[PDB]
Amino acid sequence: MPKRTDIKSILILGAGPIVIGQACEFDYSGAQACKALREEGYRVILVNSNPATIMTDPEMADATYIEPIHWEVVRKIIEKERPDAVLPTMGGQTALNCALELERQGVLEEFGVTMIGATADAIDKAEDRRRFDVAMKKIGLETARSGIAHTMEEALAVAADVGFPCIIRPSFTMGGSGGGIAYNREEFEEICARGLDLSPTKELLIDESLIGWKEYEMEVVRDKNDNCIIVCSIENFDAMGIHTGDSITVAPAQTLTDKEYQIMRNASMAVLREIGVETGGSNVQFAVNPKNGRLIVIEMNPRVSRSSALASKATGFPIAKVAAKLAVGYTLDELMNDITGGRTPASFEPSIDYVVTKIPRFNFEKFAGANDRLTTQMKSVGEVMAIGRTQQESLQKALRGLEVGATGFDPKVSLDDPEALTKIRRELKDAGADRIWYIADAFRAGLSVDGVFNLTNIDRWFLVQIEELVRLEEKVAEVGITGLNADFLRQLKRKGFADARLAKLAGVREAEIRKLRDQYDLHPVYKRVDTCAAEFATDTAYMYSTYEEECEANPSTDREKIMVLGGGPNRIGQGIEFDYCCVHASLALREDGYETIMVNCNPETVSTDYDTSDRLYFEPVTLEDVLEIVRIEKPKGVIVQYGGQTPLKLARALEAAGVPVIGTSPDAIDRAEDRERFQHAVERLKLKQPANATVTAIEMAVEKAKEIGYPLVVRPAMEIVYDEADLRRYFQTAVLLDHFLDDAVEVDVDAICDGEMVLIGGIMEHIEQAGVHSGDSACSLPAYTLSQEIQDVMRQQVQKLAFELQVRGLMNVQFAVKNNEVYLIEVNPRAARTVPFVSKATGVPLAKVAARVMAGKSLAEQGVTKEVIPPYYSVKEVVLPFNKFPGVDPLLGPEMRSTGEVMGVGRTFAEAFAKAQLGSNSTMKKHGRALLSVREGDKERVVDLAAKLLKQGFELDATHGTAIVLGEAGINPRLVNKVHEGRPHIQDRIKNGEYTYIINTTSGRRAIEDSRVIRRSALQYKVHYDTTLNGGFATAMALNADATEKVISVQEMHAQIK
Amino acid sequence: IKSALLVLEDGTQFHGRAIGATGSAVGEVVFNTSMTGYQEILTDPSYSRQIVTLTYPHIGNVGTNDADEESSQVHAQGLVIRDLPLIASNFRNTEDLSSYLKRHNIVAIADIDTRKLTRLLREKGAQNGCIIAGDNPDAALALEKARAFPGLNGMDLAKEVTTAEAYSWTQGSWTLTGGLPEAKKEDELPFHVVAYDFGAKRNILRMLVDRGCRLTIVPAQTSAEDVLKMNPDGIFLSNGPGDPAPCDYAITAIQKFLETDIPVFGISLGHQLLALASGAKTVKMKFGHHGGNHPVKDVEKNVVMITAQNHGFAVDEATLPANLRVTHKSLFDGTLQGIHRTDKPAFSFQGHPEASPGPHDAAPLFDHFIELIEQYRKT
Ligand SMILES: Nc1ncnc2c1ncn2[C@@H]1O[C@H](COP(=O)(O)OP(=O)(O)O)[C@@H](O)[C@H]1O
Ligand SMILES: Nc1ncnc2c1ncn2[C@@H]1O[C@H](COP(=O)(O)OP(=O)(O)O)[C@@H](O)[C@H]1O
Ligand SMILES: NC(=O)CC[C@H](N)C(=O)O
Ligand SMILES: NC(=O)CC[C@H](N)C(=O)O
Ligand SMILES: CC[N+](CC)(CC)CC
Ligand SMILES: NCCC[C@H](N)C(=O)O
Ligand SMILES: [Cl-]
Ligand SMILES: [Cl-]
Ligand SMILES: [Cl-]
Ligand SMILES: [Cl-]
Ligand SMILES: [K+]
Ligand SMILES: [K+]
Ligand SMILES: [K+]
Ligand SMILES: [K+]
Ligand SMILES: [K+]
Ligand SMILES: [K+]
Ligand SMILES: [K+]
Ligand SMILES: [K+]
Ligand SMILES: [Mn+2]
Ligand SMILES: [Mn+2]
Ligand SMILES: [Mn+2]
């Protein structure tokens, strides 16, 4: 059948803030779902707490709800919106869980909401590991030997049965959340306990080890007519034992014979049939015994995923789009294949004539105390993808587009290090994020392919290819730039070698290698993605570079082109926010009539969606790669200011290679980023800047420190030193020196300048004080405490800076307010991570506007001149990854560690704050017992807070010092013992669940390291805790409000603006 | 350095590396989109006189093995690929690709822009070509050979690959666990099927054996009279190379069978042959159907199947006799894919129900053929 007619309105459950394991891929998919359903004339209602999503753009749907993804709130939406149906398959696990709760709570029944895409029963049959295993057994597929556990006791029994190592997998979780590999009883109990508490169904499945087996995945699609297809096959580079998401993966499968592939194929279809997925997609995972082809089914995800997004990008088949349409009656045969001009149907299996490689991106360096070994629980924060005509080519391109400083297989250990083989061995046996690089070092050191295989279990098929690269690298090293004849250099380029890598081996600058290529006329050609190995023509321009014969670029001579450079894989501090900005530029200028070119290689994003731009080059965002595209496109302008650090770092080289960079100049940017040039401007403008010094030696800094004043901010990574002694201390373990502004209010200001005028986009007031990175702080728009007086100064200061620096497009300025005095922290002459948040609260699409400006259309011309001040409060809160890295102290500081964010809308700051807090998955309660433990400076303020909590009906506990101060104020908390004090101590109490709230503030490298237990315990037992007094006051305010009371759509919000 | 060269009729040149035997190869050039199953593809007699280009860049990843041979030899005239892997990596492998090719004396070339070639064949249509592998490949000679190739249109190749003498086939399908079975015993197979060898693929035979048919493989030219004398439970028309058109003997014989009540089923060439005997016409496609991801709709049920295709000629749907009903169509191009005689127990499929390599979606085609057979024995 065609589209359903009993359904007019659909509610889509979004994924919420970005976290490790549940990232951008859901904005991409939710965006595709919304677009597909809206295309088909349906009423689109969606909920998503993450504001930096394209999917929440007001124009993307009918009723958009940026509200906490909690069943009670969704219930409100439903009530208010009365959806005919709910699509729960496009928002990761959050969506699945939420649809099932709504269902259990009888909400769906209450409002006659129909579940489309997948049924509650099918979702459960897949998510419930026990049910899953049964299903397999029914269809005669094999699964590893396992046992279900609902308690520790239960668990220990399975362990006893399967032996160690054993794999632990919770029901109702993904990205390996709550799981891992137990190598002993100690590890085992640790994992299970965490897994049992995390699992929404309180259930664990423990399986025997298949570690080392090959790992595969298939992306399937099934329609109501029972038509079913394999969209993509994926073979993992890293074997079973390392999560698919933390693994290097390639499409399509490489090492399966046709006969094995068919079995796998048949099984994947049978899995969906058995689970009951009849109108959508699913991901099916397997393990294969390389020694005999033995097939074992692992799991199945009854929705879109990170792999379906990788798959869509890999084949060019928009899985989410298709699946949306299938959710409403359409059949595969009735839909057309986008990329082949819609000349062929969606009912077919793609065929690709290239190799797709995905490499995960990590951020261990940011989690000092964390276990950095790869396991079954995802620790990656992002991913990069690359396409090449060969595996070598594909792999190398991915490497140089990883944004880790790699240009390919750069060495990690020196050849003359006697200890090298030992480290190398360790790195191969027990994989960390650097393993790919250690593999080449192994071949460099004399290790055989077999040797490396026995340690890594990575298929020889891949290994032999890396070794080949090494040997070639050895020749290059040997012949030097002189031996780089046109033939050899072509062979090299065909293997995917970057100029930068060749440069290093030859011992020359990268520009020298590139010079050489220009001399030999050695350039790449561009092939297009088409889902069909060129069997049909395409009208889409989705390309990748390769060193082959025929070029399919065929650039137009017709239009004025604008190129937009993405940020590659996301990392902490470089997320979706930047992508969002990048997308907007494209959409805006495209709408204005430009030919938009997008350059990026993040598979998870909307930017790499062929629909977002006129031409998409899925390439490494490097100087080499970008110059080649410019070479043939000959754009009018290039934007480097919207993809974050990646494209920003290229600006200068690009400009010098002769690239028409538009918007704020490379130099201006430089002016602002360079500590020196900046200090000089600030000076010139007569503005306030914290005292600073540039020390070279220890004793030098001690002296200078004396000068500047404690506390101090030591910028090389970033720390805060308090006393002289404290300075040495650092120096040991350990350069800009800056005076630290204690008890200061941090502020963010996003604005636009067209060289004629400055448009203030938004002044945000951080909840957490300066010292807690802006990226990890909650913030309010409009400010909730700052004076109008003080805000105007900043506004004025912004404008001064704007012109001085010659800003053209977006800019962001960071201030600190101490004693009614405004101090300048820094200037970011580019788009900031706060842009999307601001655009949503204010209704002004800042990125679009700045884009238009950069492209030549003044603010005045656009009619965007007046600063908007919403008639509501918008609060932004973040989500931190501490739960992923337990050995880390879950405490805030000057270094950003958050992975995502949420928005809270309210008539009052408190109401906003409560919505943002609940949305951030807080466990705060409106009753119980609180635990106070603060530091010196806070001792004064804590009394009021204690009173506030008391007013709220909370019972108080406190440690000695704190108890003292409260007691002296007339407040007698219940004394509680530190850990070294006796019993019971805080630790014991936390663990028994005595507390529902914790306020714990610290100051001092020691005082911190001492108090670490309170924070680690709070996190582990799920107790909301604030590590800032300011934070605690907000939480307190929020207790007065009801996040579930009232819901508002973005459309309605926007409409409220004057 | 081991040079190799591939030249098309139109003058297009592709320079690469030799990965097989030394020499020259001439034939019609085609592209197959199968990401897996290269060995099976190479050993398909249907590819006789054709130069096979694979669109999937890495070919030989799994090496080769006997069980993956669809016939006693490599029938493809030449192999054209983008990349030959350093090693074969699969528990099933018994000999690397290059070694295998040399063994079968096949001229093959690697390292060329197969995408450019594919796009060319798609846009311009099939073309004859010549691969030359040796010390110094003569591009003018290659172009000569290619231009001189008589071409597939009007070429009977079925009589070229068929078996000399009739023989029995009672061996079933392969299994992961057990491998290739031991040939069944005649008393262990209920039905007796007579299969015309027009260059039949092993999988078809095995699958038929899987369904209880004991087979008698007969030379392409075998008369209907001789067949009829064997008291067949059913008559099967195998797949194979060239034009079906010029195969007078077959058409003639088939017509005979069509006078009888003996169930007839045909695959690809057999489909064509059936249609011809039924008075329908066959055409040469621009580039054909070569791959394993081709959607075919069963128009009766309105269901789609992902199929394995390997054909350059098709049955014109617009010349189909009223006694020939359409049963399946290509969702790719709208071309005819299946037909059933409205008045006789005879039907055929353009695709490969037996797959190998490819999706198993179309195998039920066989079941129908069993139906007929069962029914026929009823009478
Ligand atoms: N029996 C096993 N032996 C070894 N590794 C396993 C086993 N089962 C699963 N794994 C590993 O655990 C990872 C997570 O398993 P999975 O079932 O996919 O859970 P999730 O839903 O969290 O992704 C898999 O990608 C795989 O590499
Ligand atoms: N001199 C200072 N006084 C107080 N807080 C500061 C000072 N310098 C920086 N900070 C804190 O450090 C954070 C990051 O410093 P910043 O210079 O903005 O580095 P980044 O390049 O990561 O943005 C700020 O968001 C703020 O909370
Ligand atoms: N790259 C292109 O511009 C290709 C145009 C043409 N439609 C093709 O697919 O061959
Ligand atoms: N695959 C076959 O059995 C035959 C196909 C037929 N020879 C053609 O090229 O159309
Ligand atoms: C992965 C997202 N969560 C699980 C569904 C945990 C942060 C939502 C609470
Ligand atoms: N905005 C950062 C998270 C706040 C956390 N509850 C803390 O106070 O540490
Ligand atoms: Cl989860
Ligand atoms: Cl085994
Ligand atoms: Cl950890
Ligand atoms: Cl070529
Ligand atoms: K309904
Ligand atoms: K699952
Ligand atoms: K089992
Ligand atoms: K893996
Ligand atoms: K997966
Ligand atoms: K802050
Ligand atoms: K910065
Ligand atoms: K070549
Ligand atoms: Mn899962
Ligand atoms: Mn998984
Ligand atoms: Mn900053």
Side-chain angles (χ1 to χ4, degrees), chain A residues 18-26 92-93 127 129 132 144 146 165-183 187 191 194-195 198-199 204-207 209-219 234-251 283-288 296-301 303 305-311 357-364 367 370-385 430-436 456-459 569-570 603-604 881 883-886 899:
Chain A
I18 309 293
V19 296
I20 278 175
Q22 195 182 276
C24 320
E25 61 266 26
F26 301 117
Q93 198 82 39
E127 295 294 300
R129 307 235 187 224
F132 190 80
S146 46
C166 64
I167 287 62
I168 302 132
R169 300 186 280 155
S171 286
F172 279 85
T173 83
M174 61 88 156
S177 293
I181 295 165
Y183 287 101
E187 270 171 23
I191 302 172
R194 172 162 73 238
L198 188 68
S199 171
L204 303 176
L205 170 85
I206 294 119
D207 309 71
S209 172
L210 298 184
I211 300 185
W213 274 34
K214 284 198 297 195
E215 176 152 33
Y216 289 90
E217 330 176 44
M218 276 187 170
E219 285 295 335
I234 301 169
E235 161 151 2
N236 279 218
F237 170 91
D238 295 299
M240 276 305 273
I242 296 174
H243 199 277
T244 57
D246 271 15
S247 294
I248 284 176
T249 73
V250 317
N283 159 275
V284 187
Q285 287 176 216
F286 302 82
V288 169
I296 286 196
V297 186
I298 298 308
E299 77 138 354
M300 86 92 90
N301 313 291
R303 48 169 173 99
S305 51
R306 69 188 77 71
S307 271
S308 82
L310 173 65
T357 304
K358 157 226 145 202
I359 302 195
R361 184 57 162 81
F362 303 89
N363 254 154
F364 289 116
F367 308 102
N371 171 313
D372 66 358
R373 292 305 96 179
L374 313 184
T375 188
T376 66
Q377 173 215 298
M378 272 178 83
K379 299 177 188 178
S380 47
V381 297
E383 61 195 311
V384 79
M385 175 183 123
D430 307 287
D434 290 347
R435 177 166 78 177
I436 181 74
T456 68
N457 288 121
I458 290 166
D459 204 281
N570 316 100
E604 281 173 8
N883 68 338
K884 294 307 175 172
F885 317 109
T899 56

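Sequence lines set the chain letters: A, B, ... in the order given, protein chains first and strands last, and positions in each chain run from 1. Computation of the quantities below employed the complete heavy-atom set of this structure, encompassing side-chain atoms and omitting hydrogens, waters and symmetry-equivalent molecules.
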Could you pull out all residues at least two apart from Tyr183(A) that satisfy ring pair (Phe, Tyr, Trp, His ring centres under 6.0 Å)? none

Tell me, please, which residues at least two apart from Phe132(A) pass ring pair (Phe, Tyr, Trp, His ring centres under 6.0 Å). none

With sequence neighbours left out, write down each residue that passes side-chain hydrogen bond (donor to acceptor under 3.5 Å, both in side chains) with [X], or none if nothing qualifies.
| X | value |
| --- | --- |
| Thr899(A) | none |
| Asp246(A) | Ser380(A) |
| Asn236(A) | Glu217(A) |
| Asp372(A) | none |

Geometric class of the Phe885(A)/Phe367(A) ring pair [parallel <30°, tilted 30-60°, perpendicular >60°]: parallel

Partners meeting side chain to side chain contact (heavy atoms under 4.5 Å, CB included) with [X] (sequence neighbours left out):
| X | answer |
| --- | --- |
| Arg194(A) | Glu190(A), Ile191(A), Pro886(A) |
| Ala239(A) | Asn457(A) |
| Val288(A) | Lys214(A), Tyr216(A), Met264(A), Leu295(A) |
| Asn371(A) | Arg373(A), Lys379(A) |

If you look at every heavy atom in [X] and [Y], which pair is closest and at what distance?
| X | Y | answer |
| --- | --- | --- |
| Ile298(A) | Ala287(A) | CG1-N, 4.0 Å |
| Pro165(A) | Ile211(A) | CG-CD1, 3.9 Å |
| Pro603(A) | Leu310(A) | CB-CD1, 4.2 Å |
| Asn570(A) | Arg361(A) | O-CG, 3.9 Å |

For a side-chain contact (heavy atoms from CB on, under 4.5 Å) check, start with the C-alpha distance between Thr456(A) and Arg435(A), then their side-chain angles and the critical distance, and finish with the verdict. CA-CA 9 Å; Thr456(A) 68; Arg435(A) 177 166 78 177; 3.6 Å; yes

Nearest 0.5 angstrom please: [X] [atom1] to [Y] [atom2], how far?
| X | Y | atom1 | atom2 | answer |
| --- | --- | --- | --- | --- |
| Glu187(A) | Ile181(A) | CD | CD1 | 9.0 Å |
| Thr376(A) | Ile167(A) | OG1 | CD1 | 7.0 Å |
| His243(A) | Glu215(A) | NE2 | CD | 8.0 Å |
| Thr173(A) | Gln377(A) | OG1 | CD | 9.5 Å |
| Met378(A) | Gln22(A) | CE | CD | 10.5 Å |
| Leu205(A) | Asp207(A) | CG | CG | 4.0 Å |

Considering only heavy atoms from C-beta outward, does the side chain of [X] approach that of [Y] to under 4.5 Å?
| X | Y | answer |
| --- | --- | --- |
| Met174(A) | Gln93(A) | yes |
| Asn301(A) | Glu127(A) | yes |
| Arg306(A) | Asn283(A) | no |
| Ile18(A) | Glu25(A) | no |
| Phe362(A) | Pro360(A) | yes |
| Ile248(A) | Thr357(A) | yes |
| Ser171(A) | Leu204(A) | no |
| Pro569(A) | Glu383(A) | no |

Contacts of type salt bridge (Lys or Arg N to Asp or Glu O under 4.0 Å), residue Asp459(A), not counting sequence neighbours: none

By salt bridge (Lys or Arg N to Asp or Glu O under 4.0 Å) - contacts of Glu299(A) (at least two apart): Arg129(A)

Distance-only, no hydrogens or angles: does the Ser247(A) side chain make a donor-acceptor pair with backbone N or O of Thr249(A) under 3.5 Å? no

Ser209(A) side chain to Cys166(A) backbone, donor-acceptor under 3.5 Å: no

Less than 3.5 Å apart, any donor N or O on the side chain of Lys884(A) or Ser177(A) sitting next to an acceptor on the other? yes

What verdict does the side-chain contact (heavy atoms from CB on, under 4.5 Å) test give for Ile359(A) and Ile436(A), after you've listed the backbone C-alpha separation in whole Å, the side-chain angles of each residue and the deciding distance to 0.1 Å? CA-CA 10 Å; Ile359(A) 302 195; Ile436(A) 181 74; 5.8 Å; no

